[PDB]
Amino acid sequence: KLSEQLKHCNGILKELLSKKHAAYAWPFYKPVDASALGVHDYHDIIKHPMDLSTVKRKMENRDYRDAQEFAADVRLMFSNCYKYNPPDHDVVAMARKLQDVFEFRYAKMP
């Protein structure tokens, strides 16, 4: 079973995956498929890929040791997006909007 802080984190994850954020969260649902997107240098630039399905798998299987490990993975997912893409890219605006949800909810962790 999950700790109280990791239960709060699981609630954040549920919110990030919910329909109310779907219009900007959907790029982050699954691992970036660099070959399908035709982005041949993605894994040259991004050393440690991350996405919400991976965070969800780790949460369900109780892989996270604590809330800070969860937060590191979520921030890594957003960081990779910023690292690869230019600042005016549509996916960067989606990432910042979803990250604002995460950061506000994470700051309210009891």
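The numbering used is simple: start at 1 and walk along the sequence shown.
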Mean temperature factor over C-alpha atoms, higher-scoring stretch between 40 to 48 and 76 to 84 = 40 to 48
Could you check which stretch, 98 to 106 or 85 to 93, carries the larger mean CA temperature factor in the entry?
-> 85 to 93
Determine, from the deposited record, the chain-internal third of the Cα B-factor for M59: lowest, middle or highest.
-> middle
Classify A71 as lowest, middle or highest third according to the C-alpha B-factor given in the PDB entry, relative to its own chain.
-> lowest
Is the Cα B-factor recorded for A23 in the lowest, middle or highest third of its chain?
-> highest
